[PDB]
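What follows is a single structure, written as structure tokens, with notes after it.
Proteins get letters first, then strands, A, B, ... in listed order; numbering begins at 1 in each. Heavy atoms only: backbone and side chains are in, while hydrogens, waters and symmetry mates are out.
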Amino acid sequence: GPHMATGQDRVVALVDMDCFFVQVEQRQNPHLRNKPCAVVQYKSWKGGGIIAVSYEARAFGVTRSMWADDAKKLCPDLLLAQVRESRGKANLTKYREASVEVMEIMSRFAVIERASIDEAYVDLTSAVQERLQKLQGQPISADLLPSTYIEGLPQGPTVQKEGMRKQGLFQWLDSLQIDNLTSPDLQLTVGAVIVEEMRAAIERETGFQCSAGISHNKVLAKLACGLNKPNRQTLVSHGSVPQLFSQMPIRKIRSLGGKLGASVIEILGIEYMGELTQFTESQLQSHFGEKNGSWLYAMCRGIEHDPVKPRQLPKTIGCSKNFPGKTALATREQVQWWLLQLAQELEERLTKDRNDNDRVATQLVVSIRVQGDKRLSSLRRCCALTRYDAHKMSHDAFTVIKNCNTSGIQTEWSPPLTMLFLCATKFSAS
DNA sequence: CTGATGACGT
DNA sequence: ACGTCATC
Ligand SMILES: Nc1nc2c(ncn2[C@H]2C[C@H](O)[C@@H](COP(=O)(O)NP(=O)(O)OP(=O)(O)O)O2)c(=O)[nH]1
Ligand SMILES: [Mg+2]
Ligand SMILES: [Mg+2]
């Protein structure tokens, strides 16, 4: 009771851009605004692979990982923007630069951890303490929270979603003001106020909309964010967790969407995150290991300690291209030409990285997939990255993987390559 | 027919 | 160092 930690020590947000690559293209081309729209890579094969979908288009059933030709069957009026292609491959530069615009705005409010091209965690604990003292015991107006949902409310003794959002918010606030909630609840609420301000700054200064989750840790904040997309933010309190997790499929929690989550379901014979509370920490550790068992024991109670890392920039700079089926690379000259294309993009991005960020990569990682191998990576090899030179980098990459070629002929490559990947890593101050 | 990231185990 | 998982 009195000594049991509840994981309510921090206020953490996760801000994620709505259909990000789509918004980037809609900003640039107003003809695409407020329309069923998707972003695709390439065009010749099946119209290209969709990687981002506007909410108007999702209503037609259009999704990520769908071929545009198939999407067009669901949504005949679907508008498409294609990712820039340079040196024969997809080039994501425009989106990476748009990301930087957003991350820089977020960094004005608090320490952020860049978690992907379009989202970042924010530790608002300090900022919340600051705002609380400034407030002097003022109540918090619903007006300060115009886009916030409180997960789990309204409850207890209007048929439109905004009415529901407001009713839940009023119940939450009415309980704060009357002292029926906790200090952590107040801290989350102020966190949500700050997140409203951050999301407003982002939209004013970039044109992009985002959603956000506000809770006590990264996992709950990430889960909260997805609850009311697009263009809304969600507060998940410690108190909301039991009901939230009681029907929450295990795969929905970050990190349990793959093999581990499937083993939890199969071994334990359960379906929902809440059902995990019925196992001792030792039981969970027995099945899933010491680290995972401890994590699961705490997580199913809404508790998680992973810190928001102070990291605004990516740790790695990489590029890759797949060569599936017939297109797989079967000659040495082919392998070298494509390694050069990758190396040149890499050099451009690295040179720019060095000027912007005062650091240099010191390691080059080379990864390939061989034809007939199910694995994402067949082989990974590294060498020193001592110079930002595309020809040297491509030559070095070839040197590290050339032993893989089992073909007898000098000029031929077997088994054929279905993937090439170059990644610059191990950055040092410059 | 995708192109990335970051984390962890050994 | 190298392989694998997770996310999308
Ligand atoms: N190259 C590549 N880019 C991708 C892929 N998947 C996603 N992206 C890119 C395109 C995405 O726009 C972006 C951000 O990823 P999310 O946040 O996961 N999806 P979004 O922001 O689109 O919608 P939502 O409102 O649902 O958050 O990353 C992929 O498989 N390949
Ligand atoms: Mg997003
Ligand atoms: Mg995202």
Side-chain angles (χ1 to χ4, degrees), chain A residues 14 16-17 19-21 38-53 63-70 82-86 88-93 95-96 99 113-121 218-219 222-223 225-226 250-263 288-292 295 306-307 309 311 313-329 341-342 345-346 349 363-369 371 373-384 400-401 404 416-427:
Chain A
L14 182 276
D16 187 284
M17 306 308 303
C19 55
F20 185 52
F21 288 19
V39 172
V40 307
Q41 304 183 115
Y42 305 111
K43 241 290 163 210
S44 307
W45 184 261
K46 292 190 184 164
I50 293 169
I51 58 175
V53 183
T63 71
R64 167 178 182 283
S65 294
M66 185 174 278
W67 296 113
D69 285 349
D70 295 331
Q82 316 174 45
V83 165
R84 174 166 53 233
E85 193 174 319
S86 303
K89 65 176 298 292
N91 182 319
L92 308 175
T93 300
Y95 315 109
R96 294 196 184 92
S99 181
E113 176 181 349
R114 183 197 195 270
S116 73
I117 194 150
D118 102 314
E119 74 215 71
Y121 295 89
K218 295 162 66 169
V219 170
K222 176 64 164 164
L223 184 64
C225 183
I250 286 160
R251 61 179 183 275
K252 301 301 181 181
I253 276 65
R254 190 212 323 172
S255 77
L256 301 179
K259 292 181 177 196
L260 174 64
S263 64
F288 315 114
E290 183 184 312
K291 192 173 95 83
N292 288 342
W295 184 85
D306 184 45
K309 272 51 148 203
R311 190 180 51 70
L313 308 171
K315 305 168 83 94
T316 54
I317 294 185
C319 64
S320 61
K321 183 168 175 52
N322 293 354
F323 306 91
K326 164 193 182 175
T327 66
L329 316 176
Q341 306 319 291
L342 286 185
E345 176 186 325
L346 188 66
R349 284 163 62 189
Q363 184 177 52
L364 179 64
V365 175
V366 187
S367 186
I368 63 186
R369 196 183 182 187
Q371 182 167 76
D373 191 345
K374 176 144 172 308
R375 305 176 292 157
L376 175 86
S377 168
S378 282
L379 192 104
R380 199 224 271 194
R381 292 295 188 264
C382 54
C383 57
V400 294
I401 65 162
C404 283
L417 304 193
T418 58
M419 186 273 294
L420 292 179
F421 183 27
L422 296 180
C423 189
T425 65
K426 292 200 187 320
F427 281 101

Nearest to side-chain heavy atoms of [X], which nucleotide of [options]:
X	options	answer
A:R114	B:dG3, C:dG3, B:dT5	B:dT5
A:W67	C:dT4, B:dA4, B:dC1	B:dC1
A:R380	C:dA1, C:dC2, B:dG3	C:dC2
A:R96	C:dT4, B:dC1, B:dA4	B:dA4
A:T316	C:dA1, B:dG3, B:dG6	B:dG6
A:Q41	B:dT2, B:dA4, C:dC8	B:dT2
A:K259	C:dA6, B:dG3, B:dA4	C:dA6

Heavy atoms under 4.0 Å, any strand shown: does [X] hit a base, just sugar-phosphate, or nothing?
X	answer
A:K291	sugar-phosphate
A:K321	sugar-phosphate
A:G318	sugar-phosphate
A:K309	nothing
A:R349	sugar-phosphate
A:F421	base
A:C382	sugar-phosphate
A:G258	sugar-phosphate

message: If you assign each of A:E113 and A:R64 to its closest nucleotide in DNA chain B, which residue comes earlier from the 5' end?
response: A:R64
field: Residue met sooner reading DNA chain B from 5', once A:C423 and A:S65 are mapped to nucleotides
entry: A:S65
query: Is a donor on one side and an acceptor on the other found under 3.5 Å between the side chain of A:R369 and the backbone of A:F323?
result: no
message: Closer than 3.5 angstrom, by distance alone: can the side chain of A:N322 be matched with the main-chain N or O of A:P324 as a donor-acceptor pair?
response: no
Rounded to the Å, how far apart are [X] [atom1] and [N] [atom2]?
X	N	atom1	atom2	result
A:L260	C:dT4	CG	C1'	13 Å
A:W295	B:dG9	CH2	P	13 Å
A:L379	C:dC2	CG	P	8 Å
A:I117	B:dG3	CD1	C1'	10 Å
A:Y95	B:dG3	OH	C1'	12 Å
A:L376	B:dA4	CG	P	13 Å
A:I51	B:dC1	CD1	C1'	15 Å
A:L417	B:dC1	CG	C1'	16 Å

For [X] and [N], is the shortest distance between a side-chain N/O and OP1 or OP2 below 4.0 Å?
X	N	result
A:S255	C:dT7	no
A:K89	B:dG3	no
A:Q363	C:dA1	yes
A:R311	B:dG6	yes
A:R254	C:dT7	no
A:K315	B:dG6	no

task: Could you check if a side-chain atom of A:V366 sits within less than 4.5 angstrom of a side-chain atom of A:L422, using non-hydrogen atoms only?
output: yes
query: With a 4.5 Å heavy-atom cut-off, do A:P314 and A:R96 have their side chains touching?
result: no
query: Are any of the side-chain nitrogens in A:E85 or A:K43 under 4.0 Å away from the carboxylate oxygens of its partner?
result: no
- prompt: Hey, which of A:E113, A:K222, A:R114 is the one that makes side-chain contact (heavy atoms from CB on, under 4.5 Å) with A:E119?
  reply: A:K222
task: Could you pull out the closest heavy-atom pair between A:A68 and A:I50, with the gap in Å?
output: CA-CD1, 4.1 Å
